[PDB]
Amino acid sequence: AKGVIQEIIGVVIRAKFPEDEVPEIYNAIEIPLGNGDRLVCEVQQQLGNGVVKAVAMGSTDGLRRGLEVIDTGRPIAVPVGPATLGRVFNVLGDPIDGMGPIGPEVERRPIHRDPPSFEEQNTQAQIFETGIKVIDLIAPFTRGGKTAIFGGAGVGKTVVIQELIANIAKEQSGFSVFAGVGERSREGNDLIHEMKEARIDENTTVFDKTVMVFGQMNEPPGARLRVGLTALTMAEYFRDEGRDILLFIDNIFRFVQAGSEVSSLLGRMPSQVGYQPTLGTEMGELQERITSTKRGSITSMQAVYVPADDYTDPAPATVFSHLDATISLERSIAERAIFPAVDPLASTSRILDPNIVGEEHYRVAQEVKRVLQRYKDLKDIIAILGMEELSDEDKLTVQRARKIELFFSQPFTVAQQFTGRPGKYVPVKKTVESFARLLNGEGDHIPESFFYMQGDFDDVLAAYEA
Amino acid sequence: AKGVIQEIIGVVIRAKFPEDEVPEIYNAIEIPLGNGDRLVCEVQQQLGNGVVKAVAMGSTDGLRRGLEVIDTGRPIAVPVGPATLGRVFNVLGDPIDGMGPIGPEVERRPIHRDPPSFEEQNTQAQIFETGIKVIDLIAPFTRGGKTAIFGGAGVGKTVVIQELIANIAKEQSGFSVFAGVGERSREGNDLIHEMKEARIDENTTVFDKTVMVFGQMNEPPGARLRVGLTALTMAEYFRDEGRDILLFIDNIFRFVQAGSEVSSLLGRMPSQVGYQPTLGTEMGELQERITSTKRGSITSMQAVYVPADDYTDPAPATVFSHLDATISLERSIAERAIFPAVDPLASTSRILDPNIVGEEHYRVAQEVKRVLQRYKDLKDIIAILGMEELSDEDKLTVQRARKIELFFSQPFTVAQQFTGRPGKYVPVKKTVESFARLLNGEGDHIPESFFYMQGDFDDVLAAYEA
Amino acid sequence: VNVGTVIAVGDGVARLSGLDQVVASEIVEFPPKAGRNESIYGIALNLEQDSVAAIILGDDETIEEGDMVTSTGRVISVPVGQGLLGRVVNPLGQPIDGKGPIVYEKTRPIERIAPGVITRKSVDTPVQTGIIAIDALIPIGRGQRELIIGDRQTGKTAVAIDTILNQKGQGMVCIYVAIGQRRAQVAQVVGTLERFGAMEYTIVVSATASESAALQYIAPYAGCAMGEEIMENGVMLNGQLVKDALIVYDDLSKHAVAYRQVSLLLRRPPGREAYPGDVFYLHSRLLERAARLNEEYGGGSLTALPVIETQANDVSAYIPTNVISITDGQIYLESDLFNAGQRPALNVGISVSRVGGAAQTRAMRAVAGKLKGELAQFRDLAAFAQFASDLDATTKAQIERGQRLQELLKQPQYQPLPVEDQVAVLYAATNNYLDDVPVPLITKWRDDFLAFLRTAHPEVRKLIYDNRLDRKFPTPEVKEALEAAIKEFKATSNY
Amino acid sequence: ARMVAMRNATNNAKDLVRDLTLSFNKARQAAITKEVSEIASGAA
Ligand SMILES: Nc1ncnc2c1ncn2[C@@H]1O[C@H](COP(=O)(O)OP(=O)(O)OP(=O)(O)O)[C@@H](O)[C@H]1O
Ligand SMILES: [Mg+2]
């Protein structure tokens with residue numbers, strides 16, 4: 001099971017093996033470097049006679065055309081278990097944090113696994129209890145579903161992720177996995193590690209409940225391609241253990257881009273705008289592992305970056321074909337001191353129908369976002385009329401819309417040590433009841449700044465009476 | 001002959017023949033199918049030593065490499081003669097209707113003939129007298145010239161085709177050929193069969209006076225590419241007898257698309273808008289045999305689909321480069337009960353010049369265009385301000401334009417059973433004089449009615465008197 | 001024996017070396033070897049010289065160079081018949097619902113020629129969609145190939161599922177193919193069909209996204225073979241030999257994408273949008289098998305409902321244009337209308353059905369003409385809606401009539417209205433009987449009126465359904481009965 | 001006067017749309033040519 005390297009063209013290595021010992025299609029290669037460590041390549045194509053074409057996963061700036069290669073037999077094996085919790089890993093599963101290496105006693109599982117069969121898929125969609133009012137009211141999650149974030153930096157996306165991790169770790173076991181796929185090393189690292197180690201909940205850091213796997217843009221295309229599968233393997237272990245898992249994939253579009261680069265370097269013909277021919281299948285082999293079986297569920301909250309603003313681009317289209325809800329963080333809402341910047345509009349979900357959430361939930365979610373359906377288009381008439389000194393009902397609808405916009409904010413248990421305010425966890429029933437009462441009119445006779453930062457309508461009433 | 005299949009890639013196959021008797025280009029090699037049926041592939045290329053690349057023109061799903069291939073030594077043989085009349089054929093010339101085989105006693109000609117030589121072309125252009133008032137007046141036909149029709153098929157295009165066939169049958173030699181290039185099996189085949197068999201004229205159905213070649217949608221791109229050539233091969237036999245033939249090609253754009261698909265399958269480079277590089281040559285092999293010769297003339301009225309309504313698009317551009325008259329059926333005109341819903345402003349013709357159709361025809365056509373253009377310009381004024389505000393010497397023009405657009409209605413000799421109104425054949429000279437006498441001032445006292453579904457101006461005078 | 005050995009395995013593509021006597025679309029076997037107790041089948045598409053490039057139906061991760069293959073002499077065939085009713089199957093006919101083996105006696109080959117020209121008959125019998133907009137303005141008849149074209153999440157599969165649910169006793173065997181859909185989405189669709197009892201006349205093929213591109217490529221053909229068995233020989237449904245069938249290809253955009261991936265991996269020359277040259281031929285073979293057979297050949301049917309996911313309403317794209325040209329009708333579902341609030345997002349201004357009124361019951365055709373005309377008039381004046389105060393009386397009246405009709409066309413999910421209810425409500429609306437009802441209360445009025453007819457006046461509903469085929473539908477006493485029902489309801493209720 | 005100005009503006013707006021549609025179509029075809037060139041070049 002030892003071969004020799006024939007060609008080295010960039011990050012694509014062609015290795016020749018004995019006729020009867022050819023590595024499988026997705027096996028590892030582990031080219032041994034002179035200074036002690038190894039370069040783990042991944043086979044992609046068996047071709048010719050005993051020849052395999054593999055992606056580097058590394059620099060390949062120090063390899064000759066005769067180096068031996070040690071086939072491993074199994075695909076990229078990654079450590080999975082409670083040991084791999086609260087640690088940072090690369091695509092190969094080697095921990096890149098300062099702590100020591102993972103002990104051999106920890107079980108290693110292949111990175112490539114088949115998604116759960118159709119028989120095991122749940123026949124009824126179930127809402128995922130996040131606890132955030134705006135998230136659980138307008139754009140509810142899905143147990144074993146996918147959700148996208150459309151927002152830059154400074155809108156609190158990291159804080160939203162931290163709150164989700166804390167809520168899933170408190171209400172349920174909620175072990176979380178974070179997949180840094182082609183993200184900036186400054187944003188993905190040392191502004192996520194520190195903001196999650198400093199962030200705490202019940203004297204336990206958020207970072208201690210989260211597994212991080214980081215393939216950054218500096219890494220070769222294979223690393224950014226398989227970092228997602230590494231994170232899925234880690235989350236799938238805990239899912240098989242029966243614990244609900246929240247898996248975050250940062251910039252899945254970078255996973256698509258890594259696939260495109262791998263295909264271009266592998267000699268495959270381009271498809272559409274230079275993208276890989278195996279785009280849909282590559283997305284399926286990853287997103288289909290994010291599903292809710294009977295024993296456990298892996299809920300996903302991904303972040304999607306669209307090149308320019310082109311949603312017709314094949315990568316966003318293929319990403320969106322595997323989405324159940326979208327959350328659009330907005331700069332204007334963030335700069336208006338409302339920390340959860342989830343725009344009430346442009347934040348849809350396929351769970352928002354009477355047959356899953358319930359008639360009352362759909363009714364209350366439709367009464368809200370209807371007064372906002374215009375985005376308060378009345379703002380223009382106020383702007384050019386001085387409100388006309390009288391707007392009749394429009395004054396009441398404007399007051400109600402402003403009240404709801406203020407009320408969408410919710411205290412963060414991870415930001416409790418920053419803003420000095422305890423975090424409130426609001427179940428979906430509390431959200432629907434509170435918003436039903438607010439739309440009925442119990443929120444009237446109460447001025448603004450009393451719905452600014454509170455958990456429930458009952459909390460708002462308690463603040464008003466005090 | 002007696003070659004063997006060497007390669008089967010989709011509909012493109014490669015057959016290996018001995019070093020001699022290699023089939024020429026467009027030689028229609030035949031593959032036995034283990035029964036009476038056979039698969040006919042047209043050779044499109046000669047490669048290397050005996051290998052010829054051909055387009056399957058069939059299912060090519062049961063074939064195996066090494067299977068015997070029979071060379072016919074000539075392009076696709078198509079039955080021609082009076083036996084073809086009242087029969088429906090595919091591209092191969094095999095009848096697809098319920099009747100039996102054509103038989104060996106009937107002459108078969110190569111599908112790939114040659115356009116008439118330079119000397120055989122008519123020096124002068126002769127008008128083609130269709131008999132329809134609007135067609136003969138605003139967009140006159142040309143004997144031996146191409147004609148395009150634009151419509152959504154819900155505007156009575158088939159009725160116009162039937163009227164043209166009946167008119168040529170009853171007032172000329174009258175044999176018509178319908179080329180169903182990419183014609184739907186349900187919408188475009190049985191429907192047209194029933195309309196042509198039900199439509200009758202002088203105890204002879206329209207179906208009995210025409211031959212229809214259907215290259216259906218479900219057939220491979222080669223069949224849809226060569227169905228037009230099959231139709232021309234059938235029509236050229238009747239043209240060689242001195243008869244005048246109307247060739248109807250349905251959606252010539254589907255012929256262009258079939259050519260593009262064949263070129264892509266063969267591996268040729270894509271021209272502008274991914275069209276075949278041989279767009280001009282392919283459009284010239286067709287639509288150049290449609291000429292007016294010394295012996296006879298073939299005049300074609302071809303439906304054209306404009307891709308995304310893009311006329312600059314090289315497909316409609318190359319179609320327009322070979323056109324003489326354009327007829328634009330309009331949905332709005334058809335919404336009102338005017339069956340010949342021809343848009344006078346959009347429909348033009350090359351032959352509508354003083355040097356051919358005479359000074360009077362040109363003058364009356366130009367005056368009709370001017371008054372209808374004024375009516376179109378004043379539509380918005382009438383809709384906004386109303387009839388009262390429009391001044392004098394223009395209200396008369398508006399009334400005349402309304403009466404003249406109701407005058408383009410004409411009873412059809414094929415629709416006398418459905419509408420209970422006998423068809424009227426209006427000569428071009430009679431049309432010109434009637435419209436001149438309508439423009440000069442006669443019939444002004446007559447209201448908008450009595451012009452509807454009428455023929456000559458004397459007819460509307462008689463109707464007004466009675 | 002004539003077998004072959006794999007010489008190169010790519011991204012799901014083998015080469016199989018010297019495997020002679022292989023048919024151009026056989027299903028090779030890959031017999032089990034050491035470490036693999038099952039067999040993975042593959043479709044031998046490229047029959048090159050000294051090479052047979054076969055795409056892999058199963059998983060490609062296990063087939064290594066040097067593996068032996070045996071060419072089974074059979075072209076791809078699927079089980080068909082009664083035994084498939086209410087079972088989820090692979091495009092190969094292998095069950096995936098985990099409820100036992102498929103019971104069958106006949107296998108209809110995939111990829112058979114279209115029924116033919118003379119074999120068919122004009123479409124006359126209607127497919128009651130159950131959605132007022134479709135069932136009134138875009139008729140669908142048995143044998144018609146109506147395209148449900150939309151833009152991402154707009155309601156296309158919701159429309160298809162509503163149509164499939166509405167055939168509870170319409171004597172129609174529905175089929176749902178689900179090409180490239182997520183396993184969760186197909187599971188939810190099957191759960192919805194089971195929940196409403198529609199899983200006793202439905203066959204749900206499924207080649208999900210994680211499945212290899214070969215399965216997604218052959219899924220619609222397996223579905224339409226299963227439907228052709230119903231169309232030609234029929235199955236026993238509710239004790240009646242039903243020969244009609246309805247087939248829904250949930251994404252032909254994803255099917256075309258899968259075929260593009262297969263072609264590119266097989267190194268076939270690309271075309272526009274990297275699609276192979278014969279993608280139009282692919283979709284035409286698939287759709288043209290949907291036909292309305294005449295009485296000579298059985299009188300069966302097969303209604304096809306292709307679904308396309310366009311991007312940014314780019315109708316001029318390659319696959320949307322191909323399928324639009326192929327199909328007999330289009331149902332555009334616009335995201336703008338979906339987000340505005342009109343949940344069935346039909347864009348009537350551009351959605352067309354070339355079959356027309358021939359695919360509508362005589363009652364429905366008599367009632368819907370005025371509705372279509374009034375909706376067109378309202379659309380032509382959509383820019384004046386915000387200027388309603390300063391308008392002519394007739395223009396205003398047209399505007400609120402259009403608003404009432406548009407609100408009436410709004411429908412919930414999984415609520416198909418039988419034909420009698422649709423015709424009753426649209427007769428109520430076309431006649432100046434809902435003018436007094438405010439615009440936001442039209443849907444409530446319609447729901448209450450159907451409840452009233454269902455409970456208080458079953459006789460009028462039975463009367464409308466009994467003579468829906470009369471050429472002059474309004475002539476019978478049914479007219480007065482319906483008028484009395486409307487008047488009584490409007491008297492008892494207030495809005 | 002407003003009616004005349006709006007009618008002129010609507011006519012100018014409609015003329016601009018026709019000009020823009022004419023320009024958009026040229027950009028649509030050029031986009032197709034670019035793609036059909038890279039894919040064909042990438043094939044070889
Ligand atoms: N008729 C309807 N009534 C109520 N809600 C509807 C209706 N149609 C669609 N919806 C809503 O829209 C959501 C998405 O609809 P649907 O699944 O049909 O979309 P789609 O176009 O098939 O999308 P995808 O591309 O994701 O498959 C549904 O979950 C439901 O909330
Ligand atoms: Mg869908």
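We count from 1, first residue shown onward.
Every residue, even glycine, has its Cβ placed from backbone N, Cα and C.
The ATP binding site annotation in Swiss-Prot covers B:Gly151, B:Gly152, B:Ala153, B:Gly154, B:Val155, B:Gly156, B:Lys157, B:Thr158 and rests on sequence analysis.
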If we take B:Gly151, B:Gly154, B:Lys157, B:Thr158 as the binding-site residues, which have a Cβ under 8 Å from chain C?
B:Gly154
Using the recorded ATP site (B:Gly151, B:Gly152, B:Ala153, B:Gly154, B:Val155, B:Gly156, B:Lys157, B:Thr158) as reference, state which further residues of the same chain have their Cβ within 8 Å of the centre of those residues' Cβ atoms, listed in sequence order.
B:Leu329, B:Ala334
Translate the DSSP assignment of B:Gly156 (ATP binding site) into the three-state scheme.
coil
Sequence gap of 6 or more, C-beta under 8 Å: which same-chain residues meet both conditions with respect to B:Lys157 (ATP binding site)?
B:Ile149, B:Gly151, B:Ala303, B:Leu329
For B:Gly151 (ATP binding site), which DSSP three-state class applies?
coil
Return the single residue from the binding-site residues list (B:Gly151, B:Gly152) that has the minimum number of other CB atoms within 10 Å.
B:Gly152
Can you tell which of B:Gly154, B:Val155, B:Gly156, B:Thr158 has the most other C-beta atoms within 10 Å, given these are the binding-site residues?
B:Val155
Number of other Cβ atoms within 10 Å of the Cβ of B:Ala153 (ATP binding site) across all protein chains:
16
